[PDB]
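The chain below stands alone and is given as structure tokens, in the form deposited in one PDB entry.
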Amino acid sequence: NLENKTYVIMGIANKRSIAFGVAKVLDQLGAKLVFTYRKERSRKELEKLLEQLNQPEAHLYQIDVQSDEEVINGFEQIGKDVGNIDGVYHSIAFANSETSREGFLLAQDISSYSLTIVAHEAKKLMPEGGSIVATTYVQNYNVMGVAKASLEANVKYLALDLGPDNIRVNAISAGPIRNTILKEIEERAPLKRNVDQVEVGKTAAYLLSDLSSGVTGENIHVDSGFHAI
């Protein structure tokens, strides 16, 4: 399916990382993978996980999307080091000033803008097109909600903007995974159970692959159809 495809996978932290699920699946289909971590602390942990995979060699890159420079440099090195890529999976989600302006903006920066920039930089490794995918993860006033809204919109507009560049941008809206919210989901999710990294990875594969070749700007809920309730 994906032999000879090269994908950048952002946001692995531990073996529980959704991003990592996504990783195991693409590995299994025979794509070559590149990874980005944020904290130096996590570099070792990634090298460990790349063992679990049949990855010919280890291509790790420290990128903090929160900063233009790192993202710019990171993609260039990947470019230099690996050549063109077929797609990017961008997993993020970080809620830490309950109503603070900094809170708000920071949320936006991480949750919505990171995509914009990644996209702008990844685009340079995708001269013939490719697929970008953003995966997505309560109190008084939910700022994280407002960030996701921003995200989803951003996906539409990037999808729209990069259309001509034959680059597809879609999102995965994830439902919960390995306890009161596990009450709620197993309770009310139509499919009557909880999703998990793999299921996501599967749709992720779908999206990054040519299989979804007519689909851009879409947001797919991998949540045992909890959305429809």
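Only residues modelled in both forms are compared. Superpose the two forms; the largest set of C-alphas matching within 1.5 Å is the rigid core. A residue's number is simply how far along the shown sequence it sits, counting from 1.
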Exercise. How much of the deposited sequence is absent from the coordinates between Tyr137 and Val138: none, 1 to 3, 4 to 9, or 10 or more residues?
Worked result: 4 to 9
For this session: Please figure out whether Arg178 and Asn179 are truly consecutive in the deposited sequence or have unmodelled residues between them, and give none, 1 to 3, 4 to 9, or 10 or more.
Result: 10 or more
Exercise. Got a sec? Mean C-alpha B-factor, which is higher, 110-118 or 68-76?
Worked result: 68-76
For this session: Please work out which of 86-94 and 151-159 has the higher mean CA B-factor as recorded in the PDB entry.
Result: 86-94
Exercise. Per the PDB entry, which option out of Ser173, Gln52, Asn166, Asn170 has the greatest Cα B factor?
Worked result: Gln52
Problem set entry | Where the record places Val222 (Cα B-factor, split into thirds across the chain) | middle
For this session: Compare the C-alpha B factor of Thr203 with those of the other modelled residues in its chain, then answer lowest, middle or highest third.
Result: lowest
Seminar exercise, completed: Quick tally, chain-level thirds of C-alpha B-factors: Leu211 sits in the lowest
Exercise. Sorting the chain's CA B-factors, does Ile12 end up in the lowest, middle or highest third?
Worked result: middle
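One more form of this protein should be noted, the form deposited in another entry, which is absent from this view; the next part is about it.
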Exercise. Rigid core as reference, CA moved 2 Å or more between this form and the one not shown - which of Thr203, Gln197, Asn194, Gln55?
Worked result: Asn194
Exercise. Superposing on the rigid core, does the Cα of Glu184 end up 2 Å or more away between this form and the one not shown?
Worked result: yes
For this session: Would you mind telling me if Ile185 and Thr203 are closer or farther apart in that other deposited form than in the shown form, C-alpha to C-alpha, with a 3 Å or larger change?
Result: farther
For this session: Since the Cα separation of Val146 and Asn194 moves by 3 Å or more in that other deposited form, tell me which way: closer or farther than here.
Result: farther
For this session: Could you point out the stretches of 3 or more consecutive residues whose C-alpha atoms all move by 2 Å or more between this form and the one not shown when the rigid core is superposed?
Result: 179-195
